[PDB]
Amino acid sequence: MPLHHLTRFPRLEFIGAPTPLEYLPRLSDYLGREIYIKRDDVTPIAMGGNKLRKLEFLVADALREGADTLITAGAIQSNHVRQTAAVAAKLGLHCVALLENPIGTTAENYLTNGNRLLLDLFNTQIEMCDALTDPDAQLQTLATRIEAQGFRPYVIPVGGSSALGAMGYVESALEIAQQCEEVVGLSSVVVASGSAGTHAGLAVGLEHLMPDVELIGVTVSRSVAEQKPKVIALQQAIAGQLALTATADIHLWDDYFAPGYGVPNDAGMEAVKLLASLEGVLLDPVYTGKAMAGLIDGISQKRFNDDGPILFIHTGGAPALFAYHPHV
């Protein structure tokens, strides 16, 4: 009942059935704690991920406005851009992507393989910049240029993380509550926290459907001081759009991303190896390997509220494995 104003928003159907929520018995045996995984890495468009859920809402909005072109921004290996570009190709929309190299690599697989390879299969128009210093302004300037050609552009913010885009994670939280019903009593949920739509939308859903579950965001690009106001602002804007209040505190751990967005680290790589080798699950060096390194150290240090089951939200990212290989 409490999430019913979610109905009001038009949304396209990109996902179909709920993604699997799976027990991880071998990882659980190794870590000493019950671990489940929400498989949003298996959403069925072009190698999947979390952004498909936000795109259901943002793209329906674009179509309702008569937009014929999606414009967005991200790193060269952005999964968000790749999902946007894929959904543009499927709907016959034009797509322009503003990309940066956030790590200064000159490695050939980073520059041309992985997600960046897929952009060319989707016929994305690619524009480089030096840095996404002000992505909102930079996307605007691009949109004016593109409007000047007669296109009708719809700007998707970095990660698709607006209140509307985040409604896809509010819906995720409904799936998750239904799938856990009479199957597992979760104590904790772990998700990577980047542009913040996933964390914020899960925060609102979970507050209203599973108030006693502890949600933990593991930052992938910023400290708690810099990330938390972003997540809170979205959380409140999402609640507002749904006529709800959201009084939960947002929780963030920032110890697992150094030395910076897009830079692999040892604990990240060891988490990827652990999940591949124990569960046949593929994480990624930028986002999910770092969030899973967080979950693991949190168990080790007793950082969670209790000893109860933890659900990891697998937000996707695997095609970056092939871009990061052999090194950047």
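The numbering used is simple: start at 1 and walk along the sequence shown.
Within the set of other compared PDB entries, does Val183 lack a model in a third or more? Yes, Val183 lacks coordinates in at least a third of the other compared entries.
What stretch has the higher average Cα B-factor here, 306 to 314 or 12 to 20? Per the deposited B-factors, the answer is 12 to 20.
Looking at the entry, does 30 to 38 or 55 to 63 show the higher mean C-alpha B-factor? Stretch with the higher mean C-alpha B-factor: 55 to 63.
Could you check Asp255, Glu108, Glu171, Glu207 and tell me which one carries the biggest Cα B-factor in the deposited entry? In the PDB entry, the greatest C-alpha B-factor among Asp255, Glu108, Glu171, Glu207 is found at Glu171.
Deposited CA B-factor, highest of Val190, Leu186, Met167, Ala200: Top of the list by C-alpha B-factor: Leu186.
Quick one: classify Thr288 as lowest, middle or highest third of the chain based on its Cα B-factor. Lowest third of the chain for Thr288's C-alpha B-factor.
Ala196 CA temperature factor, ranked by third within the chain: Middle third of the chain for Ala196's C-alpha B-factor.
In terms of the CA temperature factor given in the entry, to which third of its chain does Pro264 belong: lowest, middle or highest? Answer is middle: the recorded C-alpha B-factor places it there.
Is the Cα B-factor recorded for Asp68 in the lowest, middle or highest third of its chain? Its C-alpha B-factor, which the entry lists for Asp68, ranks in the highest third among residues of this chain.
Within this chain, which third does the Cα B-factor at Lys230 fall in: lowest, middle or highest? It falls in the middle third of the chain.
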